[PDB]
Structures are given as structure tokens and as C-alpha cells.
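Undergrad: Sequences listed follow chains C and B, in order.
Going by PDB author numbering, the first sequence opens with residue 373, and the numbers climb by one from there.
Going by PDB author numbering, the second sequence opens with residue 1, and the numbers climb by one from there.
Virtual Cβ for every residue (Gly too), placed ideally from N, Cα, C.
Questions regarding the structure given below will be posed in turn.
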Amino acid sequence: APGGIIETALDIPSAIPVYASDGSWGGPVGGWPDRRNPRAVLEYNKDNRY
Amino acid sequence: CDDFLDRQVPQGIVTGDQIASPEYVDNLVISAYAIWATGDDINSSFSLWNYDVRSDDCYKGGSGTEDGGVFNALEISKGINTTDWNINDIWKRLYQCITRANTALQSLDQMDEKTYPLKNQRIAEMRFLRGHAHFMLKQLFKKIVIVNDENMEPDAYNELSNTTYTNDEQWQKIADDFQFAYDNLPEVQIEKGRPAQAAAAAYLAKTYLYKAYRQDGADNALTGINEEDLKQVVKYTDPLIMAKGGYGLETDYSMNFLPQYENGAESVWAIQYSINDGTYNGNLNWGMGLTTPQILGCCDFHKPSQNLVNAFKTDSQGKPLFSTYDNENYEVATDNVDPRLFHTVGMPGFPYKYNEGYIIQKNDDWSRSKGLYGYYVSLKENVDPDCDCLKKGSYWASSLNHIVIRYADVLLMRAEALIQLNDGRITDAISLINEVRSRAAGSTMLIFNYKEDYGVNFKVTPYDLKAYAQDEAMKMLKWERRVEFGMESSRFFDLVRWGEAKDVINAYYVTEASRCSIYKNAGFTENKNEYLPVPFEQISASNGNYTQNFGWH
Ligand SMILES: [Mg+2]
Ligand SMILES: [Mg+2]
Numbered sequence: 373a374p375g376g377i378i379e380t381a382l383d384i385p386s387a388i389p390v391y392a393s394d395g396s397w398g399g400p401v402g403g404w405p406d407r408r409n410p411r412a413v414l415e416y417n418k419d420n421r422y
Numbered sequence: 001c002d003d004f005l006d007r008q009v010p011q012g013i014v015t016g017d018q019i020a021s022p023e024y025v026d027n028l029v030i031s032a033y034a035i036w037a038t039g040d041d042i043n044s045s046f047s048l049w050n051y052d053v054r055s056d057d058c059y060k061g062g063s064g065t066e067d068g069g070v071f072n073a074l075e076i077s078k079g080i081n082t083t084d085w086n087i088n089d090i091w092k093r094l095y096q097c098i099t100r101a102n103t104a105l106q107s108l109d110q111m112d113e114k115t116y117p118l119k120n121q122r123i124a125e126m127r128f129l130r131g132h133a134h135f136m137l138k139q140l141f142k143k144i145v146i147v148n149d150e151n152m153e154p155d156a157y158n159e160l161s162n163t164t165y166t167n168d169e170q171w172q173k174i175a176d177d178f179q180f181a182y183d184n185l186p187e188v189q190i191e192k193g194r195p196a197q198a199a200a201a202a203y204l205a206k207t208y209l210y211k212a213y214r215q216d217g218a219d220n221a222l223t224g225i226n227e228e229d230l231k232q233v234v235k236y237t238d239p240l241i242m243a244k245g246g247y248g249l250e251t252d253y254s255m256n257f258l259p260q261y262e263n264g265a266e267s268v269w270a271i272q273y274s275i276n277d278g279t280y281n282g283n284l285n286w287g288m289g290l291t292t293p294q295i296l297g298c299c300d301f302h303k304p305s306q307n308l309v310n311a312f313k314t315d316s317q318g319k320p321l322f323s324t325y326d327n328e329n330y331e332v333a334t335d336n337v338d339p340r341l342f343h344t345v346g347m348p349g350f351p352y353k354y355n356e357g358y359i360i361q362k363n364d365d366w367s368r369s370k371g372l373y374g375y376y377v378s379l380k381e382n383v384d385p386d387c388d389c390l391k392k393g394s395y396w397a398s399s400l401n402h403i404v405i406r407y408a409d410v411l412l413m414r415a416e417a418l419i420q421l422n423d424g425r426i427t428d429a430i431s432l433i434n435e436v437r438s439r440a441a442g443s444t445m446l447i448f449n450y451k452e453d454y455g456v457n458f459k460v461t462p463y464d465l466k467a468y469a470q471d472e473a474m475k476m477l478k479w480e481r482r483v484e485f486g487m488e489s490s491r492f493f494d495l496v497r498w499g500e501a502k503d504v505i506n507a508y509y510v511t512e513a514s515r516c517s518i519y520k521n522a523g524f525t526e527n528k529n530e531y532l533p534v535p536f537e538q539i540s541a542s543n544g545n546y547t548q549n550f551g552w553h
């Protein structure tokens, strides 16, 4: 798991959805905090296999 | 079994007993330039733009007052703590710069002038960079440690003090390097990254100009204006020196802030950001990563203030409105305006950095703060979105150079030192001020069509070459500096040079709280806030050698 995923899941506001309304990945917008969807970070990580 | 432990050796490293060798000497040199491109941080750029929000030119921006907390505390002058992480950060970062210059200088001293005749010219460049860092430190802290013995061993550093020298003795040590660079730099640098003689002279003068506004007392207030200092500012701003370098004003004002015109004749000395160069993504100007507007996703910091937008208003003769500018906000259809505004602030309803395909508006696309901090966009460090010169790293950055000395500074500094000398040379300074003002009046490449498309009335006029009072010519000089250097982050440092810091910033705090409610409980403190606190971590690690600044105990 990438460094601090949980610690990123906990300071991401609950208003930000997991999925956007076309079915891609949710994220912030406008003034909401500069911080990425953890669930999407876990997806983009899922083949980094040693 | 002793051969066994000596057999492994370090991997991929020069050990600090081969660094002084001659084949690495120019390596130490280029290394010493790079940290100006590479040793800063979005929250601590070497433009010092973060610590220019304290002046009347700009806001912090961001999501709100919680986004970048320690910087909103500097904007309003309430809540700064000697322990804030950002003040400590910049103190350590600039002193990191001095490491590479002094390490270069250590190895340079042992070179044989017969085997290496560029020896003095590189000592010059290295001493020039040392003073660059020292100057910015002084602007930020005033009571600084002078680290200019490059033959100091490392443990000798625990005994250094920031009161070893008096304030005027400090500034002379900064001067003393710039003074060297002048005497040994060649007049033309075909490699534009290195300063020429003219640059060191420009910088020698600037330093004596800050040095002349004496603070010889225990506090930060003025204790006099030295004429021997001002007589040096005039000396090294001589156009004869400058002409030897090929330096001068550009045709159009916007040329100094566009990638297509790097290192023209006004870039007296600059930091050479670059792309497509082997580095991981840079060498971009990463330090301005917060200032890119919301339209790129993030982050909307370093916004111009209305007090700056209105300061570009002009009367019917094209002169500024010294006594009445800030009363009514600039109305595009009615009032006359200085062209310099449309290369400094990007306003709603106007093309963002000259790209008509991006019209700034008042919406979630342009203000991250829903208008808390306004809808203006600094333009002197952003670029065209369509630029091939703009990459996305952690934050968004360009390769647009950073001009430390523009040449308009050489002229306005010269004018100030003539006006304050009041030896009857004030009409030669009004001729300088006009050079800068006449240029801008005509600087309408890229915004010529703004008259018929958006309704903009350009009118800027030079002053009539007559007799003027000192106190009046110092008003005309401050205003030229005000419009000419908007958002370029010499602002607050000017008000502290002039000793007006308290009065101007408090007045601004009042006038502007009706327009940006973060300024509503602001209060500057005379004899405390003209400088930053010596950082607590740094005092505390000195074990008694560092004195704090006045008004912080
Ligand atoms: Mg301010
Ligand atoms: Mg460049």
C-alpha cells in the first residue's frame, strides 16, 4: 500500500465522491482541498509488484 | 585482519579531500549557480514573493485563510511566532546557497593564477552570489550572520554571531563582495547566466541604497540618510558602466515577462530556468508553483490587491493620482490607465497572459476562494497556458527566467539617490523617471486592440522638466517604483527602506478591509514588524550567540 494511504483517506472530505458522474474517478474541484481520491490511488498502484 | 576492512570504498562519490582539486573547480562553480534554480520550495521561493504579501500589493490567495496558515499571519501582521516553520525554512535555505559559493571559493583560492587565469573572474562570480544571498537575508531578517570566511572549518560555525557587526557594518560586508565583483568581472558574459560587471555595479548600488537609509539605533526606525552612501549609489548606476554591458530598457514592458524575450537588454542579471535539459522535469521555476491560477487546477496564490490595481489609475494629463487614487475602484470605461497594469494584473473580462482564448471571469474556474481573495491573477511569473515552456510537476512551472536586476531598477535607484541627495540634481532624476514612464506609456505591443475591444483608455505622460521640491520628487519616485515593480516583491522592502512601513501598511489595512475581509483585524507594529524574527530554532541552537530582533522579546 502506498505511504500514508489511510492518513490520506482520513483528511479527504466526505463530500468528494468515490466516482464522478460519468463513472470515471471522483476528485476535488474548486476550493476543496488539493488531495487525490485514495481509492483511485490504490487502483493506480495495484500492479506495482515486487 | 586489517587489509579486510580497508577494501570497500565509497560508491559514486567524491570525498571531501578530493573536492579541492583543480579538475572539479568549475564544477563547484556551476553547482553554486544551480541551487538558485533548485534549492527553493513552493512555500519558500527565492523571489521572496511569499513574504511580499505583507505589503499593499497582494493577497495570499488559496482556498481560504486556513490554506497556508502561517502566511495569512504575515499578511495581517498578527500571529507570527518566532517558531513558525516557514521563517526557519527560508533562513536555512538561503544559507544553503552560501554553502556552495563558499565551497567553490575555498577551492578557487588554492588555484595557481598561471595554470588558471579565469581565477579572479570566478572568485568574482562566487563572491557576487554570496552577496546575493546575504542581501536577501538582510531584507528578511536585518540581524544576520555574516558568513564570508570560506576557510572556516565546520565547528567554527557554532561560534558565529549575528551581532558581530553593526547594521552599517553588516551592509558594508554585503557591499564588500558586490564591490569585488565589479572590479573583476568581465564586461560581457557570453554565457548569460554569469553576471557581467554592470550587474555587480547595479547590485553594489542597490546595497548602498539600502545602506544609506540608516538604522543606527537599537530599533528599526531611521536614524539618518547617509550622503556618502548615496554618493556610491549614483556612482555605480552611471550609464557609462551600464553602456559597457549593453544593458538598457526594452521596447515594450511585457518583454521582461515573456519566454520569447529572455536575456534581452534589461535582464541585467537573471536566474536561468530551463526545460528539456536532462533533469527529472526541471530546471523549472518550481518556487512559483502556488501562483498558477485556478484554471490550471491549482492553486491561486499571490493575487494582486485592488490597492495595486487602482494605483495604475491616471488623471487627464496622464499623471498618477497621488492624493485620490484609492477612493473609487478602477472603472474600465471612464478612467484613464497606465498600460503597465495589463502586464501586471490579469483582470476579469480580459485575456489571461495575452491569450484571448482564456478570458478571466469570476467563477470557480478562476478563484479557488469564491471571491474571498478577489479575482485578479498575477501575470509576471505565469505564462500562456498554450506555452510549450509549461510543464506539470508537483505543481505547475515554467522555464521563464527570473530577473533579479531589471535595468529600470538601475534608473529608478539612481533617481532616488539623486532626489535624496538634494544637491540640486533633482532635474536629472526627473529625466530618469521619465525614461521609465515614457517607455511604459508606449508599451502596447500585445494590448493595442484593448481600446476598441474592452474600452481601455491609455494615457501616461512624462513629467515636465521644471523645478520640484524634494518631498514632491520623492512622491513621483515612489509612484514610478510602485507601478513599474508591481508584484515583483521589492514592495514591502521599499517601505521598510523608507521607514514608512508602519504608516503605509496600517493605512492599507484600513482602506482595504472593506474589500478583503481577511484584513479586518490586521495591525502592524512599529519597531517590530519591519523585519522577520530571527528563527527560534536558530537562536536556540546557537546557545547564546544569536540576538533576536527588536520588538520580539
Ligand atoms: Mg498585504
Ligand atoms: Mg530560461
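Report yes or no: do the segment 21-35 of chain B and the segment 112-127 of chain B share at least 3 C-beta pairs separated by less than 8 Å?
TA: Verdict: yes, contact present.
Undergrad: Does chain B have any CB closer than 8 Å to the CB of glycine 403 of chain C?
TA: Locating residue 403 of chain C in the first sequence gives position 31, where the first residue counts as 1. Yes - at least one Cβ of chain B is within 8 Å of the one on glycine 403 of chain C.
Undergrad: So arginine 411 of chain C and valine 390 of chain C are supposed to be a Cβ contact under 8 Å. How far apart are they, rounded?
TA: If you number the first sequence from 1, residue 411 of chain C lands on position 39. If you number the first sequence from 1, residue 390 of chain C lands on position 18. Correct: roughly 5 Å between the Cβ atoms.
Undergrad: Within 8 Å (strictly less), CB to CB, does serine 63 of chain B reach chain C?
TA: Locating residue 63 of chain B in the second sequence gives position 63, where the first residue counts as 1. Closer than 8 Å to some Cβ of chain C, the Cβ of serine 63 of chain B qualifies, so yes.
Undergrad: For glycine 346 of chain B, does the count of other Cβ atoms within 10 angstroms reach 16, so buried, or fall short, so exposed?
TA: Reading the second sequence from its first residue, position 346 is the one you call residue 346 of chain B. The residue in question, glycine 346 of chain B, is buried, as its Cβ has 16 or more Cβ neighbours within 10 Å.
Undergrad: Using a Cβ-Cβ cut-off of 8 Å, state whether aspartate 406 of chain C counts as contacting chain B.
TA: What you label residue 406 of chain C is simply residue 34 of the first sequence in a count that begins at 1. Yes, its Cβ sits closer than 8 Å to a Cβ of chain B.
Undergrad: I'd like to know whether the C-beta of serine 369 of chain B is nearer than 8 Å to at least one C-beta of chain C.
TA: In the second sequence, residue 369 of chain B corresponds to position 369, counting from 1. Cβ-Cβ to chain C under 8 Å: yes for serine 369 of chain B.
Undergrad: Using a cut-off of 8 Å between C-beta atoms, extract the partners of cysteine 299 of chain B located in chain C.
TA: The count along the second sequence starts at 1 and reaches residue 299 of chain B at position 299. The contacting residues are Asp406.
Undergrad: Heavy atom of ligand 2 less than 7 Å from the Cβ of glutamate 381 of chain B, yes or no?
TA: For this step, residue 381 of chain B is matched to residue 381 along the second sequence. No; taking the cut-off as 7 Å, the Cβ of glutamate 381 of chain B has no heavy atom of ligand 2 nearer than that.
Undergrad: Quick one: Cα of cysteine 1 of chain B to Cα of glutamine 8 of chain B, how far?
TA: Within the second sequence, the letter at position 1 stands for residue 1 of chain B. Within the second sequence, the letter at position 8 stands for residue 8 of chain B. The alpha-carbon atoms of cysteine 1 of chain B and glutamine 8 of chain B are separated by roughly 14 Å.
Undergrad: Have a look at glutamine 317 of chain B and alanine 265 of chain B and give me their C-alpha separation to the nearest angstrom.
TA: Here residue 317 of chain B corresponds to residue number 317 of the second sequence, with the count starting at 1. Here residue 265 of chain B corresponds to residue number 265 of the second sequence, with the count starting at 1. So the two alpha carbons sit approximately 30 Å from each other.
Undergrad: So what's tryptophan 479 of chain B in DSSP terms, helix, strand or just coil?
TA: Against the second sequence, residue 479 of chain B aligns to sequence position 479. DSSP places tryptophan 479 of chain B in helix when its eight states are reduced to three.
Undergrad: Given a cut-off of 8 Å on the beta-carbon distance, is the pair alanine 205 of chain B and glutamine 179 of chain B in contact?
TA: Translated into positions along the second sequence, residue 205 of chain B becomes position 205. Translated into positions along the second sequence, residue 179 of chain B becomes position 179. No, these two residues do not count as a Cβ contact at 8 Å.
Undergrad: State the DSSP-derived secondary structure class of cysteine 58 of chain B, mapped to helix, strand or coil.
TA: Along the second sequence, one-based indexing puts residue 58 of chain B at 58. Strand, per DSSP.
Undergrad: Flag this pair as yes or no: are the beta carbons of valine 147 of chain B and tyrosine 95 of chain B separated by less than 8 Å?
TA: Here residue 147 of chain B corresponds to residue number 147 of the second sequence, with the count starting at 1. Here residue 95 of chain B corresponds to residue number 95 of the second sequence, with the count starting at 1. Their beta carbons are under 8 Å apart, which means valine 147 of chain B touches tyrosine 95 of chain B by this criterion.
Undergrad: Just to check, is the beta-carbon of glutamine 306 of chain B closer than 7 Å to a non-hydrogen atom of ligand 2?
TA: Stepping through the second sequence from its first residue, residue 306 of chain B is reached at position 306. Every heavy atom of ligand 2 is 7 Å or more from the Cβ of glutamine 306 of chain B, so no.
Undergrad: Quick check: the segment 477-495 of chain B against the segment 39-55 of chain B, are there 3 or more CB pairs under 8 Å?
TA: Verdict: yes, contact present.
Undergrad: Okay, do the segment 453-460 of chain B and the segment 277-284 of chain B touch, 3+ Cβ pairs below 8 Å being the bar?
TA: No: the two stretches stay apart, fewer than three of their Cβ pairs being nearer than 8 Å.
Undergrad: Using the three-state DSSP reduction, which class does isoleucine 225 of chain B fall into: helix, strand or coil?
TA: Here residue 225 of chain B is taken as the residue at index 225 of the second sequence, counted from 1. Reduced to three states, the DSSP call for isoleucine 225 of chain B is strand.
Undergrad: Could you spell out the range, first to last residue, of the beta strand (DSSP E) harbouring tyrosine 261 of chain B?
TA: The residue you call residue 261 of chain B lines up with position 261 of the second sequence. That residue, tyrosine 261 of chain B, is in no beta strand (DSSP E); it is neither H nor E in DSSP.
Undergrad: I'd like to know whether the C-beta atoms of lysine 143 of chain B and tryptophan 171 of chain B end up nearer to each other than 8 Å.
TA: Start at 1 with the first residue of the second sequence, and residue 143 of chain B comes out as number 143. Start at 1 with the first residue of the second sequence, and residue 171 of chain B comes out as number 171. Their beta carbons are not under 8 Å apart, which means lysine 143 of chain B does not touch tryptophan 171 of chain B by this criterion.
Undergrad: Measure the Cβ-Cβ separation of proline 259 of chain B and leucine 400 of chain B and say whether it is below 8 Å.
TA: Position 259 of the second sequence, counting from 1, holds the residue named residue 259 of chain B. Position 400 of the second sequence, counting from 1, holds the residue named residue 400 of chain B. Yes. Within cutoff.
Undergrad: Can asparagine 276 of chain B be considered in contact with ligand 2, in the sense that its beta carbon sits closer than 7 Å to one or more heavy atoms?
TA: Residue numbering aside, residue 276 of chain B sits at position 276 when the second sequence is read from its first letter. Every heavy atom of ligand 2 is 7 Å or more from the Cβ of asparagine 276 of chain B, so no.
Undergrad: Kindly examine ligand 3 and report whether one of its heavy atoms sits closer than 7 Å to the Cβ of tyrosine 273 of chain B.
TA: Ligands in the displayed structure: ligand 1 and ligand 2; ligand 3 is not one of them.
Undergrad: Please confirm whether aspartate 364 of chain B has its beta-carbon closer than 8 Å to some beta-carbon of chain C.
TA: Working through the second sequence from its first residue, we reach residue 364 of chain B at position 364. Taking Cβ atoms only, chain C reaches closer than 8 Å to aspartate 364 of chain B, which makes this a yes.
Undergrad: At a cut-off of 7 Å, is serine 490 of chain B close to ligand 1 when judged by its beta-carbon and the heavy atoms of the ligand?
TA: Stepping through the second sequence from its first residue, residue 490 of chain B is reached at position 490. Incorrect: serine 490 of chain B has no Cβ contact closer than 7 Å to ligand 1.
Undergrad: Restricting to Cα atoms, I'd like to know which of B/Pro535, B/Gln361, B/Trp396 is closest to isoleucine 42 of chain B.
TA: As a working note, residue 42 of chain B is residue 42 in the second sequence. Nearest option by C-alpha distance: B/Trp396.
Undergrad: Need the endpoints of the alpha helix (DSSP H) that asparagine 120 of chain B sits in, please.
TA: Counting from one through the second sequence, the residue named residue 120 of chain B turns up at place 120. Counting along the chain, the alpha helix (DSSP H) containing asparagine 120 of chain B begins and ends at 119-141.
Undergrad: For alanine 156 of chain B versus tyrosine 182 of chain B, is the C-beta distance shorter than 8 Å?
TA: Sequence index remark: in the second sequence, residue 156 of chain B carries index 156 (1-based). Sequence index remark: in the second sequence, residue 182 of chain B carries index 182 (1-based). Contact flag unset, no.
Undergrad: Which residue wins for smallest C-alpha separation from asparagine 329 of chain B, given the options B/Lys244, B/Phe322, B/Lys313?
TA: The residue given as residue 329 of chain B occupies position 329 in the second sequence. With distances taken between Cα atoms, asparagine 329 of chain B lies closest to B/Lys313.
Undergrad: For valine 309 of chain B, report the span of its alpha helix (DSSP H) as first-last.
TA: Within the second sequence, numbered from 1, the residue matching residue 309 of chain B stands at position 309. Counting along the chain, the alpha helix (DSSP H) containing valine 309 of chain B begins and ends at 306-310.
Undergrad: For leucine 390 of chain B, write down the residues that DSSP places opposite it in a beta bridge.
TA: Residue mapping note: residue 390 of chain B aligns to position 390 of the second sequence, counting from 1. Answer is B/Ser398, bridged to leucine 390 of chain B.
Undergrad: Please state if the CB of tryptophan 269 of chain B and the CB of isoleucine 405 of chain B are separated by a distance shorter than 8 Å.
TA: As a first step, residue 405 of chain B must be located in the second sequence, where it is residue number 405. As a first step, residue 269 of chain B must be located in the second sequence, where it is residue number 269. Result yes, Cβ atoms of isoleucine 405 of chain B and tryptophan 269 of chain B sit closer than 8 Å.
Undergrad: With distance defined between alpha-carbon atoms, name the residue in B/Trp286, B/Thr163, B/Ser21 nearest to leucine 105 of chain B.
TA: Indexing the second sequence from 1 puts residue 105 of chain B at position 105. Out of B/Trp286, B/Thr163, B/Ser21, B/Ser21 has the C-alpha closest to the C-alpha of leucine 105 of chain B.
Undergrad: When you compare the CB positions of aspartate 315 of chain B and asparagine 336 of chain B, do they come within less than 8 Å of one another, or not?
TA: Residue 315 of chain B sits at position 315 when you count from the first residue of the second sequence. Residue 336 of chain B sits at position 336 when you count from the first residue of the second sequence. Contact flag set, yes.
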